[PDB]
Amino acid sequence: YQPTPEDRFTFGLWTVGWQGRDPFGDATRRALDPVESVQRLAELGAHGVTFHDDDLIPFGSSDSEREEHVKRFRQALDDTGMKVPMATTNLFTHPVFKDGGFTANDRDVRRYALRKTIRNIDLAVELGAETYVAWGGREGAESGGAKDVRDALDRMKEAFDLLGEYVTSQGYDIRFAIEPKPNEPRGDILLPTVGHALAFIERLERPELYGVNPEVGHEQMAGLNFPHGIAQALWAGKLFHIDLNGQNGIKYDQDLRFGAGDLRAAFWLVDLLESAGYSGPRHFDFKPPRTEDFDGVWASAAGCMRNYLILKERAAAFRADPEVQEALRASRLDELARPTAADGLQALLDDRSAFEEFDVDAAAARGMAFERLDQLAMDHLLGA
């Protein structure tokens, strides 16, 4: 279960570089130079790395320092063959963003958020990124009177439209991917789920430039089914990128390594990504637990890729098994894929077998055989 470049495994600098500070605790690890992270990730088999502006160039850097940080990072990419498929802006750490970046009540802060984002889009394009993620972690509120949500959505649409106008004006090919999160750090965050983000994009001036970047743990923090949400994003043609990790139910964002947390949902997620032919990066946005030292960081990163590969094998074995294919037919998954009334409305209205002469009791008595199907899925996942 060894990673290959074709696996398109990527990691954020902030994942393996997380120093272990939490709401109740100081750092447990020293900061990592991005150069070292790129070298270690490449040795593990990763194919790419992603960054926030402030992960790559320390906030408040001079132009000379900025150029030096980029130069060293570019050298590490060149030394390893690593790609930079995606970048994003830090609009959450600095205290100025305490009430948001794009939807801050203070208009001067909203303007500043856009200028900081635009500067980094230019850098992202220079490093070859195809996707630019927006995670509005500070957009939201802890109390009802603090944020009029319709006004905040107007400000959020305004900002995304300006960014769309900027990329179009520069002839860039980069597309945006909005990453939903339901809460944390704000009490409630705006566009809290993949559904809210999909609905919002359809009101933007150039919707084609935007998609979603769903994260396993985020949808799970709302107790939602992550593979279902990904299916709806795929159905919309909007799965531009994805963040893989684990989460143990409704609680704070744990960012466990992928495979940890809800193992069965990880299995059905990989089954769906592979069956649907998702072709973007398989990006891990996780945090090696603060209990770990540097050796445990790299073990945790390797485990993300290993788990994806084991799950890929088992889901492929499941779908290819003739006994599973027979069970899928027994459960009528083939009939779910056939149109309900390709004959048309009038034909349906005149079809007595659809109503007047439909034997509801006979239909009701037919078992769905879903448990047998699911135990074949469990046996394949466990290699039983």
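Throughout, we count residues from 1 along the sequence that is shown.
For the two regions 72-80 and 182-190, the entry's Cα B-factors average higher over 72-80. The mean C-alpha temperature factor is higher for 273-281 when 273-281 and 301-309 are set side by side. Of the candidates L376, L13, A369, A362, the one whose C-alpha carries the top B factor in the deposited record is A362.
Taking the deposited Cα B-factors for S331, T50, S353, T28, the highest one is held by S353.
Per the PDB record, residue ranking by Cα B-factor puts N120 in the middle third of the chain. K251: CA B factor in the highest third of modelled residues in this chain (values from the PDB entry). Placement of the Cα temperature factor of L381 within the chain: lowest third of the modelled residues, per the deposited record.
Ranked by Cα temperature factor within the chain, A129 sits in the highest third according to the deposited record. In the deposited entry, the Cα temperature factor of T88 sits in the bottom third of values across the chain's modelled residues.
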